[PDB]
Every structure is written in C-alpha cells, then in structure tokens.
Amino acid sequence: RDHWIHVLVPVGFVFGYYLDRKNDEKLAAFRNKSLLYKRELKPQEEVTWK
Amino acid sequence: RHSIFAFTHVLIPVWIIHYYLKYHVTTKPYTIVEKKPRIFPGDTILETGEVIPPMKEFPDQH
Amino acid sequence: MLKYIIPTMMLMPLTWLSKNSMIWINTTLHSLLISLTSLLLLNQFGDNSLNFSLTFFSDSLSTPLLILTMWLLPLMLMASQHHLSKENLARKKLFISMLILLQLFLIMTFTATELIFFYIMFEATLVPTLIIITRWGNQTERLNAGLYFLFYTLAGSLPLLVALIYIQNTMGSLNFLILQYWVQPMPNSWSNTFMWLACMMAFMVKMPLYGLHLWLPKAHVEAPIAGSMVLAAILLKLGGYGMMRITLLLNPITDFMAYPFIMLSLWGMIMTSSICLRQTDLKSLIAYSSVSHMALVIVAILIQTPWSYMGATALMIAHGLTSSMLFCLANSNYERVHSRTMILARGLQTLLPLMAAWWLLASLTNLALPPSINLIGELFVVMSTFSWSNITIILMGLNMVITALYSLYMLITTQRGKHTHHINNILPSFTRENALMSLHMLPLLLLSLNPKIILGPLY
Amino acid sequence: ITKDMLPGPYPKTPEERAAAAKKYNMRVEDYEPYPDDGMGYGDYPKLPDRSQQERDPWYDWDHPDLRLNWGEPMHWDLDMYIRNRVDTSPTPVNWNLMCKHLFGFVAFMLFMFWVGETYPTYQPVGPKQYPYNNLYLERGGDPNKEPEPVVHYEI
Amino acid sequence: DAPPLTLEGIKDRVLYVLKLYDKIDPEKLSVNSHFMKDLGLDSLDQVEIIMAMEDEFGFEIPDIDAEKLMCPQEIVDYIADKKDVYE
Amino acid sequence: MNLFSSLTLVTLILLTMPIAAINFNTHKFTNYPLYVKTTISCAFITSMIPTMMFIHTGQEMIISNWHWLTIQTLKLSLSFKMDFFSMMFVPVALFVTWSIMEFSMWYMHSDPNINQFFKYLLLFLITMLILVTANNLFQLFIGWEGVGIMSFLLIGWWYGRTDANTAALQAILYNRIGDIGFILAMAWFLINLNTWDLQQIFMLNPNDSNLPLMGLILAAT
Amino acid sequence: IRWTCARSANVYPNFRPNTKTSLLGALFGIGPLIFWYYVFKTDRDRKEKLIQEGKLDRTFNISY
Amino acid sequence: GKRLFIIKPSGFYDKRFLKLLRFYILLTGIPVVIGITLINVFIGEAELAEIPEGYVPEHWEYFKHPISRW
Amino acid sequence: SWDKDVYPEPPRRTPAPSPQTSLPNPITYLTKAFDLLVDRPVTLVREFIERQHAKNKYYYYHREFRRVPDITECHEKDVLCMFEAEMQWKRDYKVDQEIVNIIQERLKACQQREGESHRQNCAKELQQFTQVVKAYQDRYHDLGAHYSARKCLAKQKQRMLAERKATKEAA
Amino acid sequence: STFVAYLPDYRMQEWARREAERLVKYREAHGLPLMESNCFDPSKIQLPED
Amino acid sequence: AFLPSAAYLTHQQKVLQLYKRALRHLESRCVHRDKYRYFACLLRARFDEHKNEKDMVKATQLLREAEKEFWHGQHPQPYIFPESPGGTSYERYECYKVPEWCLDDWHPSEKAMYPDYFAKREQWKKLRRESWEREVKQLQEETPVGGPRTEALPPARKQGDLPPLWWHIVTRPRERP
Ligand SMILES: CCCCCCCCCCCCCCCCCC(=O)OC[C@H](COP(=O)([O-])OCC[N+](C)(C)C)OC(=O)CCCCCCCCCCCCCCCCC
Ligand SMILES: CCCCCCCCCCCCCCCCCC(=O)OC[C@H](COP(=O)([O-])OCC[N+](C)(C)C)OC(=O)CCCCCCCCCCCCCCCCC
Ligand SMILES: CCCCCCCCCCCCCCCCCC(=O)OC[C@H](COP(=O)([O-])OCC[N+](C)(C)C)OC(=O)CCCCCCCCCCCCCCCCC
C-alpha cells in the first residue's frame, strides 16, 4: 500500500476508543448499584452495560 | 411555458404549506390559535343547532 | 478524552513524516477528520455531565469551546500557508507542530477535571503562542510583544497557583466533580479578600480587564495570522472557563466585592469602543473591539445570573468566530497592500466584490445583527445587567451606539469611496482565501438556527 | 525608513528645528510645534486646525477623495478631519447667534408646551356614562365581590 | 437619456450663443477669434460668455479654466474633453 | 379556517422564493426585475384573498408554527400575529411596492447592478413583512434591525459618493438610538411581565408602565 | 508611515510627567470610575433596602 | 450602434469560487436530503407507547426519530 | 393528537352563514376550489405516508425515574447519595420550568381566543398563572447561576424561619 | 448539520415536556395545587431553635 | 493663493472671481429670468462704474467692502450644478471608474472574448513602455536644478515623440461608463 501516511489518524482514533472502552471497565465500582437506576439482571445476560 | 409561473411558484407552495400545517402544526396544541367568531342575535350554530334567542324590541325614537 | 488526544499526538508524526509538498494537504485533511470526530462530545444530559474518566470530563459548557478549537486549527493552517512558502521546510514543520501542540494543550485545558491540571496546561499553552509571536512575526515590536504578553499573565497566576494549592490543603481535593458538593461559604475577612483577588486576577488579566489590557493590542498588530486567530478567538476564552469553574468556590464574597471590577469593565468597554472610533490600524481596531467584548463577558459572569451565563457563553463563541474572520479580512488586506493603514487602501468594492460582501457580513455580525448568536448573547447579557441594576442600561446604551459607529466605519473607509490611484497590485480573489472566509462565516450563520448547543451548562 | 525618518523628540535650537522642518519637507518658519506641556506630541508640525472641506475641490489632487497631496505633513487629526466627519465650513450665520436662536426657540416652545399643560383645552360636556356600575365585570373585576351599585341618571 | 454630442454639435451651440450676444456681431466670429484681439471685448464680457456657456451646458467650469480658455475653439476643446466626445 | 393560514404563508414564502432564485444562479438572469414584479403581483393577489375573507367574517389568527427554544421559563417560537392591523396593512404595502418595482424597471435601467438593487429592496420588503406580522417582541426586533440595515445599504447604494455614506451612517446612529429605547422597553417587559408575546403583555396589564412607554416613544422617535 | 508612527509609538518616549499631564490623567482616569461606583452603590443599597422590606413589587419576576 | 466598453474587474474567480461552493455543498446535500425523505417516507417515525411490565428498553429505545435512535 | 385536559379548549360556536343581499360572495367558490385542487392531493399523499407507516410500526417509551431519598436525608460531605438527590432535584427543576411554560401557553391561548373581551373570561387562567408564578418564585428564585439543592434547602429554611417569626410576632 | 438536527433529545428537553404533560394531568384531576412553595417536604425538616 | 501653477492671485483675478460668485448668488437669489437679467445688468453697470479706477489701494479697499457686503447678503443655499462639487450628483458615477490595469488581471479564457481590444491594449502598452525612457530623458534635462519651480508639465518638443508623463492623465475613463 502506497497510502500508509493517510491511515495514521483513523488508527489513532481506533486505538483511543479501544483505550476508552478498556477504561470504563476499571470504573465498575457501582455497576447495577445506584439507588435510581437499579434493576434486576435479565436472563441470557451477564452485565447491564459493557 | 405560459402557465409555468402560476403552477410552480403558487400551487406547490400551497400543497407543501397545507401538508405542513394540516399534519404537523395542527397536531401540536395551541399553535394555530384562532379567535372565535362573533355571535349576534338571530344566528344559529351549525355544530349544535341551538338558536340564540331574539333580542328585546328597541325602544325606538326615530 | 483519549479518542481526540491520541489523534493529535498521532498526527504529530504525520506532520513530521510528510513529504516536502504535501504537508498542508495531509494536515488539513486529517485535522478536518478530527473536527468531524469531535461532534461525538454532544452526548449531553440535562442533569449529568459526560464524565469520561477520573481526570477528564466535559459538560455542556466546554464542548462548544472544544469544537471551536479543533475546527479552528484547519482555518489557522489555511490562513498561515501563504507567507510560509519561502520559509524552510524544517521550520514549516516546526510551525505546524507548534500549532498542533497548542491545540493539544487547549483541548487538555478545557476537559481537565482537577483545577491543578487545568492550571498546569492552561499555562503550558503559554510557550507555543510566545514562540509563534516572537519568531514568526513581521516587525521589531514582536520582541516587546513577547514581554507584555508573558509577564502580565504569569504575574496574575503565580499568586493563583498558591491559592489553588491552599484549597488542596483546605478542602482536600481540587476535583470539580467533588467541589460541587463540598463547597463551603466564604466569610467576610481580609484573608478571603486576598484569596478572591488571587483566584480572580489571573483570568482578569487573561480576558483582559481594562487597565490590564495593554498586552492585547501590542501582541496583535504584528503576529502571524495563525497566532492572531488563536489569540483572539480561543485563547481569550481561558478566562471565561476560569470564571465558570472558579466562581463556585468564591461565594458569597463575590457579590459585595466585584463592584470596582464591574465599574472598570463597563467604563473601560466604553473607553475602548471610543478608541475604536479613532484608530488607524485594522489589527488594533479589531483588538480593541475584542477588549470591549471581553469586558462585557467579564460583567456577564461577574453578575452571575443564569441568563448572564447563557449570554456570556454565546457571546464568547460568537465573538471568537467574528474576531477570527475579521483578522482574516485584515490579513487579506495586508497581504494585498503590504501595510496596516486603514486610510491607505480605500474603495476596494470597485475592485474586489466578494471581499466586499465578506466585509459587509463581518460588519453586520460584529454589531450584533439579529438573529445571529452574537445578538442572542449580547441581548441576554443586556437583560441580565438590567436585572443587576437599572442605570447600567445607560452605560450599555451609548456603547451599543458606538459599537455600531466604528463597525461600519471600519468597513466604509476600507471599502467605499474613490479607490487609491497609486495602488495597482490588487489581485482578484484567491479560492483559498474565500474558502477560508466562507468556512468562518457559514457556521456563524448556521448556529442561529439551533442555538441550544452553545447556551452554556445550564440551558 | 530609518532612525531619522520617524519623528523624534522636541527640537529646541534653530538648527535642529530646521532639520525637523526639512524632515517633513515644509517651510522652516511655518514649521512650528505644539508647546511641550507633557502630552507627548513631539516634533510633529502644527497645522492651523481647519477642516478638509475648505480645500480646493477643482485642484488635481493626488488623492481626490481626501483632497490630500503626496508628501504633505498632514494634520494631527486627519482621521477626525475627513469629509465624513466634523466639518469647519464657514457658515453664513454667526455660530453664537445660531446657538442663541436654537436655545431660545427650544426653551420658548417647551415653556409654552408646559404652560398649555397647566391650562388645557376641552369641550363643554359632561362625563361619559357607562352601564352596569361603569362596567365593573367587564373591567376584569372579580364576580364573587358585589360592587357598589352606581346608576347613571337621565336629564 | 443624455445623448452623446459630437464636436460639430457643440460648435453649433457655441456659435449660436456667440451670435445671440449683442456685443458679438454675427459676421466676424470664428473658432479662433480672440475676444480681446479679434473682437476687442473686456474681461467682464469674457466672464459673461463663460456664464452663458455654464448655464447652457448645465455644468460648472472652474474659475482658472474659465479664464484660461480664451478662444471659442478652446471652449469647444474643453467641452469636448470634459464630455469625452467620439466614443 | 384552513385557506387563511395556508394562503398567508404562501404569500410569505412566494415573496422569499426569488432571493433563493438569484442566490443559486450560474448565468446572467434574463429579466430578473420582471421575475420580481410578477412574483410580487401574484403575492399581492394571494394576500388580498384573506383580506376579503376577514372583512367578510372578522377572523384574527396566531400561527406559532416553528418552535425555536425554551430557556428557563421563557419560550420563543416562530409566531405570526395576523389581526386587522398587520393583515390589512400587508396588501397596501404590496400594491405600493409592486408599483415601485415597476417604476424602478423604468428608472434604474441604466445600471449594471440592477439585479443587486432589486435583491436588496426585496430583502427589505421581506424583513418589513416580518416586522408587521411579528407576534413576539424578538421577531419585531429582527424585522427592525433588518429594515434598518437595508435602509443603510440602499442609502449607501452609490458608495463612491461620500455624502451618501455620511447620510447612511447618520441614519444608522439615529436608528441605533431608537433601538436603545426599544431594548430598554424589551428588558422592562421581560423583567416585570415574564414574557415577550403580545397576548401575555396585554393580559397582565401593568400599572406603573411609564418606563416601557417612554422607551417605546424613544424607539418611535 | 511617519504620521502612523507619530500617532502611537512616539507618545511615551517624549512624555514627561508634570502637573498638567498628571492632573489631566487623574481627572479623566479615576473621576468617572468613582462617580459610577457611587451612583451604582447607592442604587444597590436603595434596591436592597426596598426588596428586604417587601416594598419592591416582584409579583411576576421569576426570570433573573 | 456605438457599442462602448465598460472596464470591470475580473469576475471569473469569484464566479468559479461560488460555483465550486454550490457544487460541493450540493454533491452531499442532495443525497442527504434524499435519504432523509426516504427514511421519513418508508422506514417511518416511531409511536408513543407506555412501558410494558417486566421488559426494560434499550438506551436507544427512548427517542422518536429513527435517525436519533441510530 | 394531544390530551384535552392539559390543553383545554372550549367548543366552537360558528353562526349560520345566511346572505342578506343578493350579491354572491367569492369565499364559498374559493373554498370549493381549495377543497378540490389542494385538499384532495394533500389527503392522498397523507394516506400514502400513513399506509407506508402502517407496515413498520414500532414503539418508543417515556422514561420514568423512581423516587430517590432527597437532600434532607444526606450525610454531609458524603457525595454518593447527595449526587442522586441533586440529580432528582435538577430533574424536578426542569419539570417545574416546563409546568410554568405550559401554564403560560394556556394563558396566551385563552387571551387570544377570547377576542376583545378577554379581560373577563380569562380570570381563571390569570389566577392559575399567578399562583404558579408565586410558587416558582418561592421555590427557585434568587438561587444564582451556581444553584444547588443545598442552596435551595437553605433558602427554604430561611423562608420557614421568616414565616415562623411572623407567626410568633403576630400570635 | 444533519447530526445536530437529529441529535437524540438534547438535555432531555422534549422529555421535560412529556413528564410535565403527565404531572399537571395528575394534579388537575385531584384538586392538588400546581406547584407548592415548599420544594421539599415541610414535615421532614428539623427546624432550628429561635 | 493655492493654484497648480501660480502662487499669488492677481487682484484682477480676485475681482473676476468676486464678480462670478456674486452674480451666481444673485441668480440663485431671484429665480426668474427677467429679474435675474435686470439685476445682472445692474451689477454689471456697478462694476463698470467702478471699472475706471487705476489706484491699487482704492480698488483694494473697494474689494474689501464688496466682499463684506457679498458675504452679508448671500443666499444660505446657493445653486450648485449637478456635476459641481457640493451638488446632488457630485462623484455619484465614480463607483464605475474602474482603472485599466484591472484588465491585466483577467483570465485568459475571457481575454479571447475580445481579441481585437486586447491586442490593441498590448500594443498601446508597448508604445507606452518604449516611450517611458524617452519621456524621462525629456524631463531629466529640461527640469531646472533643485527640482521644478512650477508644476506646469512641459510639452513634447519632437515629432513622433509622445507627450511626457502622458499616461495617467489621458487614461481616466468616461464620466458615463
Ligand atoms: C498582575 C500583577 C498583580 C497581581 C495581583 C494578584 C492578586 C493580589 C493578591 C495576591 C496575593 C498572593 C496570593 C495569596 C493567596 C492566599 C490564599 C489564602 O487562603 O490566603 C489566606 C491567608 C490567611 O492566612 P492563613 O490561612 O495562613 O491563616 C490561617 C487562617 N486564619 C487567618 C484564620 C488564622 O492569607 C495570607 O496568608 C496572606 C494573603 C495576602 C498575601 C499578601 C502578600 C502578597 C501581595 C500581592 C502580591 C502580588 C504580586 C505582585 C508582583 C507581580 C509581578 C511584578
Ligand atoms: C419546493 C419544495 C418544498 C419542500 C418539499 C418537501 C417537503 C414537504 C413537506 C414536509 C416537510 C417536513 C415535515 C414537516 C416539518 C417538520 C416537522 C417537525 O417536527 O419538524 C421539527 C421542527 C418543528 O418544531 P418543534 O416543535 O419540533 O421544535 C422543537 C425543537 N427543540 C425541542 C429541539 C428545540 O422544525 C421544523 O418544522 C422546521 C421548520 C422550517 C421552516 C421555518 C424556517 C425558519 C427560518 C428562519 C430561521 C431563524 C428564525 C429566528 C427567529 C425564530 C423566532 C424567534
Ligand atoms: C458549536 C460550537 C463551535 C462553533 C463552530 C462549529 C464548527 C463545526 C460546524 C459543523 C457544522 C454545523 C453544525 C451546526 C448546524 C446548525 C444548523 C442545524 O443543523 O440546525 C438544525 C435545525 C433542526 O431544526 P429543529 O431543531 O427545529 O428540529 C427539531 C428536531 N427534529 C426534526 C428531530 C424534531 O435545522 C433547522 O432549523 C432547519 C430549518 C429548515 C431550513 C431553513 C429554512 C429557511 C431558510 C431561509 C429562508 C428565508 C428566510 C428569510 C430570509 C431573509 C433575509 C435574511
């Protein structure tokens, strides 16, 4: 491919979104524990949100 | 081509604005608020049929 | 906020690894991709801010400023790609790298959850603008423009940082998601008076306040126009972000202390409008108009009513766009005539009609023509200042005359009248120039249809 | 442009005064500066403080829209003294007489307006008569409170 | 509106105005006839002619150019230059 | 009942069509003044129809057809108030303007910028018709500044002549003083009546309203 | 360029602070500020003392 | 017919810029408005209904327009 | 459509059109022309779009938030529950703002539809608007641009002490 | 422009209508006041001594 | 006093200018032709009665009294010709006086629309640029030392040689473009 310099920023954005999606995993201290948004975990499910 | 102005510049705006006013503005409440028509003695309401009773005779002077 | 910082830090090698003739095209294309990507920040709720992580958050306030910043970078890149054609390629990449670093520090400034982080990168922004101002200018006074710009701002904030550290020893955390619930009222004492002064004076200098505005005209009549646009449009907004992030902690002592600041701002905005009425340079006139607009923003955030906050944010964004495009107009004129005198080149409507149209649109949007967002913000601030007291409207009313009187006059002597006979190098409209002017103008008109995205954090 | 092309400080002796006069390219005696009262004027020439409408309009000026030539030492307030601004044309009427006439006219008829306010005109009529206690309900008054029944009497 | 005029049209006009003047006899006039030399009038009569031409053509001639043009041919040349004839 | 609003908004949008027609041109337009004159004649007829309807019946309407924003309590929306006043004044202005564009076809035929001239006065007519039928005060302010700016442009039409520029700047100054009075009235109305619409202002009926009346007097001056 | 340089850049280097310049600067620099400060101040105390005692009519004032 | 000349500045560049602006905005505006009226005429705007018992909705199942939901 | 209680409108009373003179009026002819040329194709394209709507008919639901303990039962400097209390308070703030907005809409509609005698027949709407304006002014006014539930609770406390002092000093 | 035109219910502003459209529909059917001068419950507050 | 060629206005010129301005103000005073003719003949007879006065100082004082009564008895709004300065149409058509060098900036696709005009323009420009060195040679030897003493331009002294500094005075466009 002779257009390697034009796929730098989309690769960076993909990496940044992957890093952010890994970042909310460490912030699961109060998942399905808030006094206003709590609900029973449905069958065929494991988490309320990824 | 003689009547292209009276069709394109008039009729298409009428159809567009009537579609918009009939099925997007009248569905929203209190948008087209119209003053009620004045009611005079001796008239008759079409939607009810009740007649406003006749006004008392004039104490005439002329 | 890693989905926009990593694109910037990854575009940094892209402008370092680009070819000798495709730096501008690649940088403009990828910055416009980042500008489209930045629209995802508008996932806003009426109660909770979009808190991305521990050290990054963005409410309804900072998101329009971020969008303005990474929409402003490609406009700066187009506006500064003419006179740097004879400049060496390594220094061209240095200039583009400086602009990229300035954008990165700006986006990290508006989303910093901790106030210490916000301060640290808010004057990490000081290095690239100083470098650009001092190196890529066009006069001798740029050297002096590196002093008055610097030694003002730091002198306002080296107290402030200490005060911030004191809050770290008082509250225990300078995080803004915590301090909305741990805030205590400020008693009336001399110590709290000096804490208020230290927390206020840095962004008072950075607006600038009248009396402390001397760094603004001396740093604008000589800059490369990328520096002029970033200074006028987005760099002055750090004071507004400082107001709307700091004034939570400084209640209720702000109410019975900000009287001389409001007096200074009102009478100095009257003075600077009058100074605009008797100017000879385009750049100085636009800079003094910016001083008047930021004094109005100072009053708007100092009276602290919700209508005033809406008007302050709207006026900030609209004035940034208008001042950037006015500086683009002045740069086109200085490119064509190689001077900054207003009376030198007159009657350009006879020769340049589309630049005359852009001049007319700039002048109309400058004096707050409805229904533009400039009029929306200015009107909201007008009503809020009338709610603060009645007599203020008199102190507004004269200004609203004067802010029209120069705003057309600056147009008229530059566009209307008999053209100068001994000037003959007036080229027609380059497509790059008019594309930049339309890219400045069209969002300013478009935001009038949907103003609710730029109406502050409490719409 | 160099260090002796831009204007300098106040010239004191005749020799530096002549050097400043030939810097602006004018007459040596006609070049006279502002008094050094500390306002920071400098060696700039003092024009006789007239407007620019007074210039010759039929003369072939270098700048026709400004009636200004090339190399002339211009006014300290050229921006103030354009045609589109304050004008010092010789009026056919005296200025003090104009101010006196305008002030006397305005004050006289303002006083007459206030005098007519004190003593107004009217018609030889009585008050208008309205039914139902001068339209108490139609004025917006509450119906739960019964008004005082006032009637209008024929004559 | 305002049709262009040729040089012979303004020449007919200027000789008409000269012939309608009592001081000019209608026989001795020419394009190059000097007012003080060929006809021997005064300066006041020259300014009278200048005013007549100003009122006839409906525009103002400056006083220096009023006193500089000294023959009917000079008047024709100045009028033809100011109206820019033969377009 | 339904012919009313449709035909009136057709009058407005038919007036605003030729501006978009001249803004998207790729060629020199063949008889653009004839286009504007024919459009305004049809608009005059289309606006004369509800005049006959109202003088037969006596109907008054409010058309709040497009929402704009809701800030705190206040709500602003694109509302047209058509009563005896505005909807009676509109056909008279349309007739006068139609005659004036025909006379301008006669008069300004020797100017190469005739299309820009017609576009400018059509824009002035658009913002004036916005002014007359405005319901809330903000739309009336929009029309006010629109007619002011169009007056400034059409006075400084001949931009070479400096007397026109001075007259235009003088008119701008006096109109801005009037706008100072109008904005003071606006601010008092908002701060004491919590509204900008005419219906709420008329219903609340303030007593000590000397200050807004003085501001409106200054605006009219 | 000579006039534009003499208008701005040649004011301070030929300025000497004497009685006239300092008096004019003090008259036109701190005078109107003090005047507006006092006017707005006494307006604020009058409005506040009217509103704490309930005399100010704030029946419909809910937007601020 | 005495067809004279009027000297005017070159309007080719301004006309070319305006043509380029209009073409480049229409090149995406026409497909965007065509797609918008196609989803508004065929896919269909949603309808208001109350929440059923025992069935939670998705985070995107609270809005009206299909484009907003997407 | 819309609910008729939240936007109440009186029934329409239109008098009978009976001609007095013999001259016909063009309004009936133009109404017939409008019904023929304009209303019929508009109804045709409307039945087209609603028939295309009927094939794919999915629903969207109104989001509802359960009641949370308010700011009064929050331990001081414990953000984990005053965050929820502030969240609920901001949602109720928006709801109350829209309530005053809908009352203003009712008042404007009454004043327009009652004609020239609106000063008497819109007394009920004026009383409701005055009551809701006084309620909003007591509940939310003078909070400042940095409003929070703590400031609203402190203002409510100060108003309660003022009312209790007025009761005690006039008992 | 297409993104911000069809942005999904900015700050739940339209939602702020709908629940309000419910709420008055409640309290106009049971004789309750529209809004009350007390933002919170006046019986669940310990008034300080005077 | 201020002239392109002279530095002092002779008393005869001042008398003539007074006569012109006073008679124009008289015409602006009385509108009708018969009254204007009668009073113009009266003013001409007055200037003729004071024409035979060869004393310089007496004509000096008579001019001073005459100017004083002329300013004392002038109309506030004298009639000004529509093309004269101060008129209703002064510099109105100046918005279409585009200079010729804008034709330099034309696109080559439009320069072929008028081929003969552009060929004539380039040959005129060639004529001007070869005559430039000849005319600066003409001024460089005819001008006195220390620059010219008067602004009157010299003519062309040779057949075939163009007039010196001829371009920008002859290049101004028509007053009705
Ligand atoms: C642009 C140039 C001018 C900039 C002006 C900036 C604002 C002016 C005031 C800044 C003061 C310095 C920061 C103080 C922060 C205090 C925070 C706090 O909580 O204080 C409470 C503390 C209170 O003391 P404490 O908290 O230790 O005591 C415990 C509490 N009590 C009192 C109950 C026992 O205040 C202080 O300690 C003193 C504060 C005033 C400091 C005065 C000295 C500095 C004067 C200003 C110099 C400004 C720069 C001049 C040169 C510029 C460059 C040429
Ligand atoms: C010749 C071709 C004509 C067009 C042919 C194709 C279209 C045919 C007709 C169908 C049209 C589309 C369906 C109906 C319309 C859309 C329905 C809808 O809900 O739309 C959403 C809304 C309706 O309002 P809303 O109530 O939904 O808005 C609330 C919006 N929030 C909550 C986000 C604040 O918008 C429109 O309908 C758009 C109206 C466009 C026309 C008005 C233009 C105004 C121009 C001036 C702008 C500046 C004014 C400043 C001052 C304002 C007043 C203070
Ligand atoms: C944002 C902060 C930073 C600033 C710089 C930003 C840089 C990046 C810019 C990205 C692109 C632009 C984004 C913002 C776009 C804003 C516009 C937008 O999309 O609005 C959405 C709004 C959305 O409307 P809405 O909000 O009413 O719709 C409600 C939403 N739905 C449909 C889902 C119910 O669009 C409109 O309002 C369009 C209305 C119709 C089009 C206009 C018709 C009239 C045209 C004029 C006719 C003539 C009038 C008279 C003229 C007289 C002379 C003057």
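FRET efficiency for the C:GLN168 to D:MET39 pair, using the beta carbon distance and R₀ = 56 Å, is estimated at 0.65. Size descriptors for chain G: radius of gyration and Dmax over Cα atoms are 22.8, 64 Å. Ranking I:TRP89, C:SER157, C:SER35 by Cα position along the charge dipole of the protein assembly as shown, where only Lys, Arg, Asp and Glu carry charges on their C-beta atoms, puts C:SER35 farthest toward the positive end.
Listed by Cβ neighbour count within 10 Å, with the fewest neighbours leading, C:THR341, F:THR8, F:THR30, C:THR413 appear as F:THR30, C:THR341, C:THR413, F:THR8. When chain H is treated as a GNM with alpha-carbon contacts under 10 Å, the residue of H:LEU48, H:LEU38, H:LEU27 showing the greatest mean-square fluctuation is H:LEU48. Could you compute how fast chain A diffuses translationally, taking Rh as the Kirkwood radius over C-alpha pairs and applying Stokes-Einstein at 25 °C with viscosity 0.890 mPa s? Give it in µm² per second. Answer from the Stokes-Einstein relation: 175 µm²/s. For the set B:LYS28/I:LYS108; C:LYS452/F:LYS75; I:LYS77/I:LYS151; C:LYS86/H:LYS15, the pairs lying more than 18 angstrom apart at their alpha carbons are C:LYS86/H:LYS15.
Residues of region A:31-50 falling in the label zone of H:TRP60, defined by backbone nitrogen less than 17 Å from a point 7 Å along Cα to beta-carbon, are A:49-50. Return the ratio Rg/(2.2 N^0.38 Å) for region C:65-132, where Rg is computed over Cα atoms only. Normalised Rg, Cα atoms only: 1.22. Ordering F:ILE55, F:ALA93, F:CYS42 by the projection of their Cα atoms onto the charge dipole of chain F, which places +1 on the Cβ of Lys and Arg and -1 on the Cβ of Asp and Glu, puts F:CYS42 at the extreme positive end. In degrees from 0 to 90, rounded to the nearest 10, what is the angle of the helix F:162-193 Cα long axis to the longest principal axis of chain F? Compared with the principal axis, the helix lies near 20 degrees. Among K:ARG128, K:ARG149, K:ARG24, the residue with the largest mean-square fluctuation in a Gaussian network model of chain K, with springs joining Cα atoms closer than 10 Å, is K:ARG149. Fewest neighbouring Cβ atoms within 10 Å first, the residues I:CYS74, D:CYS99 line up as D:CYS99, I:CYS74.
In terms of packing, defined here as the mean over residues of other Cβ atoms within 10 angstrom, the peptides C:384-397, H:1-14 line up highest first as C:384-397, H:1-14. Computed over region C:252-347, the range of Cα coordinates on each principal axis works out to 54, 23, 17 Å, biggest value leading. Candidate cross-link partners of K:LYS120 among the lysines, defined by an alpha-carbon separation under 23 Å and a same-chain spacing of 8 or more, comprise H:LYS2, H:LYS8, K:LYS97, K:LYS111.
Counting only residues at least eight positions apart within a chain, or on another chain, the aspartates and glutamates with an alpha carbon under 19 Å from that of K:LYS158 are K:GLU130, K:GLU133, K:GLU135, K:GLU141, K:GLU142.
Structure remark: mean-square fluctuation, Gaussian network model of chain K, C-alpha springs under 10 Å; the largest value among K:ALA45, K:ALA22, K:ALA66 belongs to K:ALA45. Taken as Cα centroids, region D:36-91 and chain A sit 71 Å apart, rounded to the nearest whole angstrom. The alpha carbon centroids of region K:67-101 and region D:98-155 are separated by 53 Å. For chain F, the orientation-averaged shadow of the C-alpha convex hull comes to 14.5 nm² (one quarter of the hull surface).
As a proxy for reagent exposure, ranking K:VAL145, B:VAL51 by other Cβ atoms within 10 Å from fewest up yields K:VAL145, B:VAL51. Taking 19 Å as the cut-off, the amide N atoms of region B:30-58 that come nearer than this to a point 7 Å along the Cα-to-beta-carbon line of I:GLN20 belong to B:37-45, B:52-58. In chain E, the C-alpha radius of gyration followed by the widest Cα-Cα span (Dmax) gives 12.5, 40 angstrom. For chain D, the longest principal axis of the alpha carbon atoms and the long axis of helix D:14-23 meet at an angle near 70°. Placing +1 on each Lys and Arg Cβ and -1 on each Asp and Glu Cβ, with no other charges, gives the protein assembly as shown a dipole about its Cα centre of roughly 2900 debye. For chain B, the equivalent ellipsoid derived from the alpha-carbon gyration tensor has semi-axes of 43, 20, 11 Å in decreasing order.
Pairs with C-alpha atoms separated by more than 25 Å, drawn from the list C:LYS283/D:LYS23; C:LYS237/G:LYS49; G:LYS55/I:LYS155; K:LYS14/K:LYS54; K:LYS20/K:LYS68, are C:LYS283/D:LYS23; C:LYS237/G:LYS49.
What FRET efficiency comes out for E:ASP81 versus B:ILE12 if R0 is 60 angstrom and r is the Cβ-Cβ distance? Round to the nearest 0.05.
So, using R0 = 60 Å, E works out to roughly 0.55.
Ordering C:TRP16, C:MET244, C:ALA233 by the projection of their Cα atoms onto the charge dipole of chain C, which places +1 on the Cβ of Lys and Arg and -1 on the Cβ of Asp and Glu, puts C:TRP16 at the extreme positive end. Quick one: Debye curve from the C-alpha atoms of the protein assembly as shown, no solvent, what's log10 I(q)/I(0) at q = 0.04 Å⁻¹? Cα-only, vacuum Debye calculation for the protein assembly as shown: -0.34. Taking 7 Å steps out from each Cα toward its Cβ at I:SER117 and F:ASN23 produces label points 4.7 nm apart.
In this structure, D:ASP142 and D:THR121 have a Cβ-Cβ separation that, at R0 = 35 Å, corresponds to a calculated FRET efficiency of about 0.35.
Here, P(r) means the percent of Cα pairs in each 10 Å bin from 0 to the largest distance; for chain D it is 8, 18, 16, 12, 8, 7, 8, 9, 8, 4, 0. Here the label points at C:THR55 and C:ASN425, each 7 Å from Cα along the C-beta direction, are separated by 5.0 nm in the simple model. The value for chain I of Rg(Cα) / (2.2 N^0.38 Å) is 1.71.
Can I get the semi-axes of chain C's equivalent ellipsoid? Compute them from the C-alpha gyration tensor as square roots of 5 times the eigenvalues, in angstrom, largest first. Present the calculation step by step, with values, prior to reporting the outcome.
On the way: eigenvalues 232, 146, 82 Å².
Whole-Å semi-axes of the equivalent ellipsoid: 34, 27, 20.
Principal-axis analysis of the Cα atoms of chain F puts helix F:32-57 at an angle of about 40° to the longest axis. Placing dummy labels 7 Å off each Cα toward the beta-carbon, the span from H:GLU50 to I:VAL45 is 3.7 nm.
For peptide I:86-94, the mean count of partner chain Cβ atoms within 10 Å of a residue's Cβ comes to 6. Which stretch or stretches of region E:56-75 have amide N atoms under 13 Å from the point lying 7 Å from E:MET36's Cα along the Cα→Cβ direction? From region E:56-75, the list is E:67-71.
All Cβ positions, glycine included, derive from the backbone under ideal geometry; neighbour counts span all protein chains shown. No value in this document is a laboratory result; all are computed from the given coordinates.
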